[PDB]
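Some notes on the structure that comes next.
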Amino acid sequence: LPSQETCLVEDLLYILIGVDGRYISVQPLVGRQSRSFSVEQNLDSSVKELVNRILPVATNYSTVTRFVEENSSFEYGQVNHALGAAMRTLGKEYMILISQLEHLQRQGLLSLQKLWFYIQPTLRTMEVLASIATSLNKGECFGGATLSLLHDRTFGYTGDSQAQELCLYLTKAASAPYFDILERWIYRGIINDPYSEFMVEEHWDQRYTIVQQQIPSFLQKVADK
Amino acid sequence: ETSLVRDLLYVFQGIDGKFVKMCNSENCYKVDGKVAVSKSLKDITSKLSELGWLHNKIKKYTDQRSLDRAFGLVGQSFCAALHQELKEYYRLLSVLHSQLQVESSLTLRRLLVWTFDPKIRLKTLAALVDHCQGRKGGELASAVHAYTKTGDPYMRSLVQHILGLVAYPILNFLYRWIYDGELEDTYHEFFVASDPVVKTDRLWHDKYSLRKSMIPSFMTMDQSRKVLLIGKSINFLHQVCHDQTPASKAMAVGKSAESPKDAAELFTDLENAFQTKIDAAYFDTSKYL
């Protein structure tokens, strides 16, 4: 009855690293948008709510990482693939702080309220990548219109630093591919079309045609220039 | 608790540890045979299931071919990468045992998640291996170039390390055949198979076919006919009673510069600047001829 409070803790920390726990069963579904996790019946109504409170933070990260870490690796190699791999780069250091916490969990020194205050800056870190993760799978957007959406998302966002910090960074690290092949196109002039990444495509001149569904994100005058 | 922590190390290094899992396919599921324990243990046994199985699939591919000298070109240069990112999985396996022993010992959800960064690392090598069952070059160059057209520079940087290494036998066929032209094929790893027809006197007959079924996707169609055009002219100046590399010994300095540039350069395969100075060799070798 005091042991069950640690027995749910060790069950919880394996849920946090995105994998199946001991008695917290995980329900997978296609198009999950934060799949649900089924907790066990327990002996005290207060201690379940504390693991019910940390669980969406474990839920929303583990799902929105999981498909962007795999669908990007399956997909082409456009600006959406350098974007999703940078989410995977940020996901490397998230698993590091959990393991340094487990070095302090060789013997019980923390409880559930100590778990949530430590992951409180990181639950705001994952959840603005969560709204990216829902729209890019409903739309399945193309590379000119991916950066156009991803620009607009980090822009009507204020209120916290470290969420605004990353959601600039990875979109800036998606715009910086775009600017370089723009600079290959405005200086040398060789375009590399893997599949397509631009509004402008080759073919009394009919050499170039523009589509309005692959426009960049900035105001339409610079795309015309 | 900790005995299941000890069991999860041995399937990370390989096949089953404390108990028998009896499955090499579709995931490596831990069977404990206990019902009186909590049902929450079983789902973390199912977290381990696709960690160990996705590790042994990388051992399965490189050991089922069981290294072969036939098609021993670009295929095993792809395997030499496949052992260096096999290597990167093992380095996080050693920090997990230094957590285990005393020098803390309990591994909880911290490392439970630490493990999913190997997972997305191994899923990158899983998508890399599912494309290619064969080890013949040329079609490997259209494989990793189809993986870099995908965006999201997390695994796109990793397959950029592979396209810089898959191409590294491919472009090693090129610039020596531009600079000296001494034929070095055994199984035609390049799309230009040099001398598959018996030697005849030159009636402008095409001995160097370009073979559409093995074209790299970073080399476009006007460049594949271009490197044939320099490779056909470099052989016509060998039998002109001259062994002189075109118009100077500066063609031999160029190969050395390129090999140091490749040495200094991180992993990237150049294709927009690579096609530029072969113009400066193509216009060079044509006027001297």
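Chain labels run A, B, ... following the order of the structure tokens; each chain numbers its residues from 1, and ligands are numbered from 1 in the order shown.
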
### Message
Residues of chain A within 8 Å of chain B, counting only C-alpha atoms, what are they? List them as JSON, numbers by chain.
### Response
{"A": [10, 11, 12, 13, 14, 15, 16, 17, 18, 19, 20, 21, 22, 23, 24, 25, 26, 40, 69, 70, 72, 73, 74, 75, 76, 77, 78, 79, 80, 81, 82, 83, 84, 85, 86, 87, 88, 89, 91, 92, 94, 95, 96, 97, 98, 99, 100, 101, 102, 103, 104, 105, 106, 107, 174, 190, 194, 195]}

Take the residues from that selection and put them in a file with C-alpha atoms, as a compact mmCIF listing (two decimals), in the first residue's frame.
# COMPACT_ATOMS: atom_id res chain seq x y z
CA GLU A 10 8.46 2.41 -12.37
CA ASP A 11 5.54 1.50 -14.64
CA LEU A 12 5.29 5.18 -15.61
CA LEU A 13 8.94 5.87 -16.47
CA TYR A 14 8.90 3.15 -19.15
CA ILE A 15 5.74 4.70 -20.61
CA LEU A 16 7.61 8.04 -20.82
CA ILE A 17 10.28 6.68 -23.19
CA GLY A 18 7.56 5.82 -25.70
CA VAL A 19 7.41 2.05 -25.12
CA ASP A 20 4.95 -0.30 -23.44
CA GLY A 21 4.90 -0.50 -19.65
CA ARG A 22 4.22 -3.28 -17.16
CA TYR A 23 0.51 -2.86 -16.41
CA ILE A 24 -0.19 0.44 -18.22
CA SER A 25 -1.42 -1.07 -21.47
CA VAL A 26 -1.00 0.96 -24.67
CA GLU A 40 -4.59 -0.19 -13.96
CA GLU A 69 10.30 10.13 -36.66
CA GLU A 70 9.09 7.38 -38.99
CA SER A 72 9.79 11.48 -42.55
CA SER A 73 12.38 8.69 -42.69
CA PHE A 74 10.07 6.84 -45.10
CA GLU A 75 9.38 9.93 -47.23
CA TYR A 76 11.31 11.82 -49.88
CA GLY A 77 13.95 14.13 -48.48
CA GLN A 78 12.26 17.48 -49.01
CA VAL A 79 12.03 20.34 -46.49
CA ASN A 80 9.53 18.30 -44.47
CA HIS A 81 12.20 15.63 -44.03
CA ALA A 82 14.87 17.96 -42.66
CA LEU A 83 12.12 19.38 -40.44
CA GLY A 84 11.07 16.03 -38.99
CA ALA A 85 14.65 14.84 -38.52
CA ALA A 86 15.33 17.96 -36.47
CA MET A 87 12.37 17.02 -34.26
CA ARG A 88 14.17 13.69 -33.93
CA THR A 89 17.37 15.58 -33.05
CA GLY A 91 14.10 14.04 -29.16
CA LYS A 92 17.59 12.70 -28.44
CA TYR A 94 14.70 14.48 -24.10
CA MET A 95 15.56 10.85 -23.40
CA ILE A 96 18.81 11.95 -21.71
CA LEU A 97 17.11 13.79 -18.82
CA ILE A 98 14.87 10.78 -18.13
CA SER A 99 17.91 8.54 -17.74
CA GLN A 100 19.73 10.96 -15.43
CA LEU A 101 16.52 10.93 -13.39
CA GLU A 102 16.74 7.12 -13.29
CA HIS A 103 20.26 7.44 -11.89
CA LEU A 104 18.51 9.18 -9.00
CA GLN A 105 15.91 6.37 -9.06
CA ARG A 106 18.30 3.60 -8.03
CA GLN A 107 16.72 4.33 -4.64
CA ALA A 174 13.59 24.23 -42.97
CA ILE A 190 21.01 24.90 -61.62
CA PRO A 194 14.18 15.60 -56.37
CA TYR A 195 10.46 15.33 -56.96

### Residue neighbourhood residue 59 in chain B, 10 Å, only C-alpha atoms, exclusion window fewer than 6 positions, as a PyMOL selection string
chain B and resi 14+53+82-83+86

#### Entry: Test item: residues at most 7 Å from range 223-236 of chain B, only C-alpha atoms, excluding those fewer than 5 positions along its chain, as a ChimeraX atom specification
/B:177-178,181,282

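Taking the backbone of this structure through DSSP, the residues of range 205-234 of chain B that come out as alpha helix (DSSP H) are residues 221, 222, 223, 224, 225, 226, 227, 228, 229, 230, 231, 232, 233 and 234 of chain B.
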
Residues as selected, C-alpha atoms, written as a CSV table (one decimal), in the first residue's frame, can you do that?
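Below is the file that was written, part-v2.csv:
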chain,number,residue,atom,x,y,z
B,221,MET,CA,20.4,12.3,-68.4
B,222,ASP,CA,22.4,15.0,-70.1
B,223,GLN,CA,25.3,14.3,-67.7
B,224,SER,CA,25.3,10.5,-68.3
B,225,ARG,CA,25.8,11.2,-72.0
B,226,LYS,CA,28.4,13.8,-71.1
B,227,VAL,CA,30.7,11.4,-69.2
B,228,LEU,CA,30.4,9.0,-72.1
B,229,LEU,CA,31.6,11.8,-74.4
B,230,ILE,CA,34.7,12.5,-72.3
B,231,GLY,CA,35.3,8.8,-71.8
B,232,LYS,CA,35.1,8.1,-75.5
B,233,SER,CA,37.5,10.9,-76.4
B,234,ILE,CA,40.1,9.9,-73.7

### Message
Excluding residue 84 in chain B and its own-chain neighbours fewer than 3 positions away, which residues fall within 12 Å of it when counting only C-alpha atoms? Please give them as a list in words.
### Response
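Listed by chain and then number, they are residues 58, 77, 78, 79, 80, 81, 87, 88, 89, 90, 91, 125, 158, 161 and 162 of chain B.
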